Every structure is written in C-alpha cells, then in structure tokens.
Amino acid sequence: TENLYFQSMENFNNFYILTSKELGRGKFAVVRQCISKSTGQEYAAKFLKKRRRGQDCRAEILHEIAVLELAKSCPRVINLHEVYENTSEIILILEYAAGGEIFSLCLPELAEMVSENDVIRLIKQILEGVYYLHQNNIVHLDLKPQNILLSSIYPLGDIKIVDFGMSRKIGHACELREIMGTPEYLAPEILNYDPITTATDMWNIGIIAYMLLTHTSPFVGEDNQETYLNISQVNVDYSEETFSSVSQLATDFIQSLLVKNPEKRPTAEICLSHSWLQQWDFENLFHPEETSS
C-alpha cells in the first residue's frame, strides 16, 4: 500500500538503457552500468531493496541519499545524479567510476603496474575525502578497498568513495549493523562495541595503505576466530620480507593508524601533513627559502 516518492520506473526506462556490464551484487543491492539515451553518458545504477531481512529500510536509504547529497561538492566522494523508485527498489543513478575497485591494485598480480608515487597520490586523495566527511560529522564505517573506486586504471585516475550504507554520526551506538562488516576490516573498537568514532575510518585507511604496498591482508587468518584475535591484539606482519620494498615513511604512516586505542590514531587532517605524503611535482619550479634578493 506504500506510495512512491522518487521519479517513476517508466521515466527510468525512457531516459536510460542498462548495459550487459553487471558492476556488483550484494544480498539487497545490485549495481549495473547504464547509458543516458539522450547524451550517451555512462552511469552506475544501484538498485537498493526497500525491504531487507524482514525490515523496512526506506528511511535508511533516505538517510544514505541525504549523506551523498551533502558530499556533492567533494570530488573524492561518488556523485549522485538522479534517483528513481519502483515497488521494491530505490535506484541511485551514480557517477560511473570506470576504473573499478582500488582492491584490484592490492592483488599480487598488479604490484608491478603501481608505483610509490601512485600509492602516495591515492592515499592523499582518500584522506581528502575522509577529511571532508569527518568535518561534516559523517563516519563512513565500511572503508574496505572494495568501497574505494577509481575514475580510470589506464592511466590511473582519481579516487571515488562509495557505499554509505553503514555511515553514521560520531557517538551513535555500535549495534548489529556495525559488527557485521567483512571481519578482516573491522576496527578493534567495533569488536568491543565502543561508540562510533572518526578514528574507525582512520584504522581502515591504515589497512588500505598496508594492502596497496604489501599486496597482503594485514589481519585475515585461517578462520574468523583467528581474524578477530589478529585485530584485537593488533598482530600485524611488519617483517623484513613483507616490507623489503616499502619505505620507512610508509611504514610510519601505517603504524600510526593500526593502533588498538582509537584516541591515539591521528585525524585525517594530521595524516594529510604526514612526511610520507609531502612530495614536490618535479615539473614545477620550487621556490626555496633563500630568495635571490
């Protein structure tokens, strides 16, 4: 008996054609590439079921749209173009991140195609987006590498943060939704049920840097029990073998974030001034402290 709020499914099919590129699939969401019939511009269409696990989720979807809308001025966060609705689904028409997941750069296979320069620029862009979110009292709470996309891979483009499905305000309760992330990506405070902090996102940025640089998962074990022990003890491989091609400054950056006590983690703003991320574009003329006069 529910009335629909967003633009009709008839309008969706009038304005867009879905392509044979299925981009993603979870239990209650599907992402498909679509094309504007008028312009030829590619978009991502995310189909969110309004009913999940026997719960009505339209209010939660509205909240997630409210968060995307707030980030429209931030180019590090995926842009929302339009919204449609049918009996079962709310459909987000998103900016299409043609490079796909940054997770692809963390596989041993693409190690060779990704530079130190590249990792520094991608971490800096992720920090710019997370800074913007934290200044607006938004904690993402699902910053796995599968939720950071790229505008292109050949050549390497710009990052786009996606999937605000878990996002909250600072100090909201850590309940079931929280503690059902992918186990190897959960912060220690989530395992202890502590109130939400911006510091949880900073833990996840540490994991992203670790995976981009080592091509290995810092916390995953043979089973969930082992994963949860690795997180809760912060048992991370910093061996000479794993880090032989990783700079000390990158190690320092990671080791500052992967710490048990969230209050000891640096903020996004402090991370943006980290010595690792300070780099001069060699094609620019540097103006040194000793002036010609």
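We call the rigid core the largest set of C-alpha positions that still match within 1.5 Å between the two forms. The first residue of the shown sequence is 1; numbering continues from there.
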Segment of greater CA departure in 8 other deposited structures of this protein, 198 to 206 or 112 to 120, core superposed: 112 to 120
Among other entries of this protein with both neighbours modelled, does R177 go without coordinates in a third or more of them? yes
Would you mind comparing 234 to 242 and 250 to 258 for me and telling me which has the higher average C-alpha temperature factor in the entry? 234 to 242
Out of 178 to 186 and 204 to 212, which one has CA B-factors that are higher on average in the deposited record? 178 to 186
Checking the record values for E95, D163, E222, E128, which has the greatest CA B factor? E222
Which of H134, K124, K72, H81 ranks first by CA B-factor in the deposited coordinates: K72
In terms of the chain's CA B-factor thirds, is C271 lowest, middle or highest? lowest
Chain thirds of CA B-factor: placement of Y43: lowest
Select lowest, middle or highest to describe the third in which the CA B-factor of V67 falls within its chain in this entry. middle
Among the chain's modelled residues, which third holds the C-alpha B-factor of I90? lowest
Quick one: classify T198 as lowest, middle or highest third of the chain based on its Cα B-factor. middle
